[PDB]
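Peer 1:
Protein chains in written order, with the authors' numbering: chain A, 1029 to 1077; chain B, 1 to 49; chain C, 5 to 304; chain D, 6 to 306; chain E, 44 to 138, 145 to 150, 165 to 290; chain F, 1 to 176; chain G, 298 to 464, 468 to 591.
Dropping the structure here:
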């Protein structure tokens, strides 16, 4: 016995599926017409919307 | 070798493809016999010989 | 000028054009920078020679021009040299992972170990060999390792250098093991060793008298793990130099700020002169990497 | 090729007004996303107490830099520069510019200044911008802080205190600075410590390996250059060992695992210096605005 | 495509300079009120030791001006300190002049090949000799088909062994004099193999043996020093 | 000529270690063939005392003086005799000038001051330059020492010449 | 400004230049005496006592004498084994004979041939080239490998069924060929050796593959020596004096430093990897430019 106790602590993580309830029209979201840009490349062309 | 241009060009049959696992999870864990995955817009379908 | 047309003396079957059509946006070396070119000087097959020198292939490849492979259509190739600065895309077959942030260099390819020896093009005797596109730290690592191989191995019998290079030729870089095929000494490698020895002699000479004893001071002050390894290395070098006790340093007499500025600026010049042996300039700066690690978009 | 950078936090219109004065200046971002949170913008993610300056230079060497273009109601339109194309960069650096200068980007030295970046900050976030300094001033200030790092160990005497007091004061065309000392609380920061110890040990292994390696190559065909190399090292030995005990007995035989470790150690310790050895240029100017508030500069890199 | 640079140039350097094929270089003067001067490379010719004394006499007899005088003084201060002062800006388009971001003297021009490579990059090379009194800075302009920088430095060491042993002789003989580098490689662009014409030049009623380079695309390079 | 300066400097450098004085030698068609000279890889040398058989072995005799016992397994002392023999030889600096010359005239083409008592015009077809080092144990040197000389070609063959050091120093050392 | 050593070394020049000789008067080479060598400034002393030079001469005599007394050991080994059997040597080599032929004259030719071989021995002979590969490190390693290899027990059927399989085809001998009618001996003969399938006798062949045919010639005689240092001495008719070469009367270190196969150091032109195909030798040219 070394003459002192040892408290061991430990993180545990669990895969847990929650469930959430909200009131009817609790928040309010504001959206737009989404914009899009034409990023150019040599063989391709990407579009970020 | 299976010409995937023949798959990318021919008209196919519309199917609600339903399997339980994720697509990439079935893919990288090799449930199937031959895969062909491109992450962009591969132009290899466009040239015919 | 820009778009470079190549040809083929032999016909391509459907298999040949099929394995060519998956080589789009692959970088191939061209030695000539001319327009109506021919396929035998295309690639490295005219320049590849086993038991001739990897460093020769390295020097000629870094002297060679580079171009991008796009749009075969049957007995036509359409090589296009990438302009300096504009974003392009690349497609590498070299079994080495990439990164969205690092830089690239171009090296003559090594054997990975499975030994496939089929780069998906062969015309009779003629084959296609593609230069490996390698991320910058692996590139300077293999450069410095062949430099240590050339610098160490002089005037030694085969067994001691064999025991050195069985563990020196292997490089494990991001879960991938590579070995250098042809480490054979060269007159060009001799002039690299010449520049190396002159540069390290010059940084031995004009270094300050306090920097020659600085690690002794930090040894007497502080003990850290890398400092413990540094004291191990330096005291082993000292006892290989002298069995006497290395004395403690006192107040340094010649303290002069302009002197330190001048001698350390010349020192930085000489370290640049030594590092430019192994520090290769970049060829590609990554904008994006594909998730299957096959293709990328690089800005050069 | 434009980037959007939004803020999660509430900003005032006065915050926009004190933001829009930095209209065309460089920011660093660690990697290029199309939409990026503002917590990655600026060097605030890296700056802390115990890293130091050389960490900021090393992570600035690969941080992709981006000019600012426009400010919107919540987001910022950034524009990534391209090689060879001209742009407009404002001189937020502490040194004036002239036409034909070569510009490099170095991390700022007045962390938490009296200006406090003209009071542009947030809750546990101060937006910090890197200095754009001309190349010769950049390389000499790197050398100056490095030799400040060498004398930081021996700060017992007073003439070294006067020497480093000379070292703080810098001189330039209508520019003078008090360079902050990397030693704080009688200890050096870790990055300056490893940089200077690696530099000194590269000098040491060079001085004790160059004789055997110039011999190993000089058993081959010889020239005048290796002769004068050996004569220079003889000058160093004849001015060096005037007080050391005679017969140190350096052997011509030495086991291979020693010298391959020596060579690889020398190469990795010089290899970790090339962030501060090479000064990668990033800009040169083709026209300077009056009062040097901005400049039309051409991008390099 | 061209990047414009407009310049206010005094009349004390307009000799040998009205032609388009001119390169102005912003050197940091010893005097601090202009802080720099846009010297011509033909003024780097007269200071150089590799050139002929006849062209030096021509450059003396064409540049009796106080501006070129004081510029020669401010470049004659620092022994081999030119690469820490000299900084280029590109070729003159038309002379108060415009500049982009090509004529050359016959003597300082050199090659190490048979000039049959089609694409040919051009470089400036200073060398610092020390077997003179203090320093002989030799200017050189080099067209060559080589492209990679480091093998150009290796073939430069193969061609300038006298300069290297003179450098290390200066290092072993004068310990209190610490020299930085033997010289500087810096590219300026590239030409084709055909536009190089060894021809004549007449300026200020004075005669010159010139080499013209027509299709010179300009690209600014860094002052990459070398030993 | 160029190895002579470097070897003089190097034997001045290592004189505290081995106490070997340098010895600049030139050789001609009278010793080796031109085909042997045009591809000569390197030269070896070993100073042997009149009583001590090497300088790489132990001075007071050696355990290899016991005779070879005609054994199959370890043929002659095993590999310990072999790397002792690799230790007993030393490499020297080395150059070859294949085109013919005259060292009086040729050393006048180089910047040296050829100051000989009489100009004996000696001509040679190919001049190979080297410099060995013969070992005085202390400062004192004995004349009855001998110095061996290997010439090694890329095929692996070698030629072996030795001579006792008094014959090099008949009129040179008695002049001092 | 300190004068660098090359300048006053250049202006110093040479005091004198003279030729020297080897011991056997075969090699003349010239020494150079720079006045600026530190050997001039070392003021070192010199002495040559007569018993020291006498010890040098006796050591050089032994160093010359090693291979000659080895040849003498071989010769009286032959003499002792011909005295041992009584003089009736058997046949070891495959070649037919004729009964109606007088063997007294080929016996006399054998005596004259071994005499002429004793007159014409050499430091480069058959047995020296035989035992020079024995001095290598790989000789000891392969000696251990053969001593575990041939002395390996008979295998059980388990490794015959599942263990990996097992593998000494022909020998590489050296030979002296003494030709009495022309009084010319031969020192270095490389010869391949094998055994006949029908009989255990030996068959010798050229290193190209040609059958060696000197055994039919009656006037000639031959000495064979093996890489494991066995010994045959064949007069025509295939009959062979058979013994081993004795070397216990010679010191180890004298034989080890007098001649020895040499292991190479790495220089310009060879691979760092062992056993790779070698490229062309450097071969400094008196015909081309130096470049």
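The C-beta atom is built at its ideal place from N, Cα and C for all residues, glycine as well.
#1: Counting C-beta neighbours from all protein chains within 10 Å, is the total for residue 270 of chain E 16 or more, i.e. buried, or is it exposed?
#2: Would you list the residues sitting across from residue 300 of chain D in a DSSP beta bridge?
#3: Exposed or buried, what is residue 473 of chain G when buried is set at 16 or more other beta-carbons lying within 10 Å of its beta-carbon?
#4: Would you call residue 156 of chain F buried or exposed, if buried means 16 or more other Cβ atoms sit within 10 Å of its Cβ?
#5: Return the bridge partner residues of residue 160 of chain F from the DSSP annotation.
#6: Kindly indicate which three-state DSSP category residue 4 of chain C falls into: helix, strand or coil?
#7: Find the residues of chain F that neighbour residue 252 of chain D, judging by a C-beta separation of less than 7 Å, and give them in chain order.
#8: Looking at C-beta atoms only, is the number of pairs between the stretch 121–130 of chain D and the stretch 147–167 of chain D that lie closer than 8 Å three or more?
#9: Whose C-beta lies closer than 8 Å to the C-beta of residue 143 of chain F among residues of the same chain, with five residues either side of it excluded?
#10: In three-state terms, what does DSSP make of residue 101 of chain F?
#11: Per DSSP, residue 139 of chain C forms a beta bridge with which residues?
#12: Is there contact between the stretch 103–121 of chain F and the stretch 8–24 of chain F, where contact requires at least three CB pairs shorter than 8 Å?
#13: Is there a C-beta anywhere in chain D that falls below 9 Å from the one on residue 113 of chain F?
#14: What residues in the stretch 346–360 of chain G have a beta carbon less than 8 Å from any beta carbon of chain F?
#15: Do residue 180 of chain D and residue 99 of chain D come within 9 Å of each other at the CB atom, strictly closer than that value?
#16: On the three-pair Cβ rule with 8 Å, is the stretch 173–184 of chain E touching the stretch 248–260 of chain E?
#17: Quick one, which of D/113, D/299, D/224 has its alpha-carbon nearest residue 319 of chain D's?
#18: Just how far apart, CA to CA, sit residue 261 of chain E and residue 114 of chain E?
#19: Report yes if the C-beta distance between residue 475 of chain G and residue 525 of chain G is below 9 Å; otherwise report no.
#20: Quick one: which residues of the stretch 222–233 of chain D get their C-beta closer than 9 Å to a C-beta of chain H? List them in chain order.
#21: Start and end of the alpha helix (DSSP H) containing residue 288 of chain E?
#22: Give me, in chain order, the residues of the same chain whose beta-carbon lies closer than 8 Å to that of residue 512 of chain G; leave out the 5 immediate sequence neighbours on both sides.
#23: Report the residue from C/173, C/202, C/292 whose alpha carbon sits nearest the alpha carbon of residue 244 of chain E.
#24: Buried or exposed for residue 259 of chain E, please, with buried defined as at least 16 other CB atoms from any protein chain shown within 10 angstroms of its CB.
#25: Can a CB atom of chain G be found closer than 9 Å to the CB of residue 103 of chain D?
#26: Report the neighbours of residue 1069 of chain A on chain C: residues whose CB is nearer than 7 Å to its CB, in chain order.
#27: Quick one: residues in its chain with C-beta nearer than 7 Å to the C-beta of residue 151 of chain F, no 5 flanking neighbours on either side, listed in chain order?
#28: Comparing the C-beta of residue 121 of chain D with each C-beta of chain C, is any distance below 9 Å?
#29: Is the stretch 233–241 of chain E in contact with the stretch 202–213 of chain E, if contact means three or more CB pairs nearer than 8 Å?
#30: What are the residues that DSSP puts in a beta bridge with residue 201 of chain C?
#31: Can you list, in chain order, the residues of its chain whose CB lies under 6 Å from that of residue 85 of chain E, leaving out five sequence neighbours each side?
#32: Give the range of the beta strand (DSSP E) segment to which residue 171 of chain F is assigned.
#33: Quick one: is residue 50 of chain C buried, meaning 16 or more other Cβ sit within 10 Å of its Cβ, or exposed?
#34: Nearest to residue 68 of chain E by CA position, among E/51, E/131, E/95, E/54, is which residue?
#35: Quick one, which residues of the stretch 174–193 of chain C are near chain G if we go by CB-CB under 7 Å, in chain order?
#36: So which residues of chain C does residue 211 of chain E contact, with C-beta pairs closer than 7 Å?
Peer 2: Once the coordinates are examined:
#1: exposed
#2: D/94, D/293
#3: buried
#4: exposed
#5: F/150
#6: Here chain C has residues from 5 to 304 only, and residue 4 of chain C is not among them.
#7: 16
#8: no
#9: 164, 165, 166, 169, 173
#10: strand
#11: C/108
#12: no
#13: no
#14: 346, 349, 350, 352, 353, 356, 357
#15: yes
#16: yes
#17: Past the boundaries of the shown model lies residue 319 of chain D; chain D is included only from 6 to 306, so the question cannot be answered.
#18: 29 Å
#19: yes
#20: In the structure shown, chain H cannot be found, because the protein chains are A, B, C, D, E, F and G.
#21: Element bounds for residue 288 of chain E: not the alpha helix (DSSP H) but the beta strand (DSSP E), 287–289.
#22: 491, 504, 505, 506
#23: C/202
#24: buried
#25: no
#26: 91, 93, 301
#27: 32, 40, 43, 158, 159
#28: no
#29: no
#30: BP columns for residue 201 of chain C are empty, so no partner.
#31: 59
#32: Careful: residue 171 of chain F lies outside any beta strand (DSSP E) and carries neither H nor E.
#33: exposed
#34: E/131
#35: 187, 188, 189, 191
#36: 66, 67
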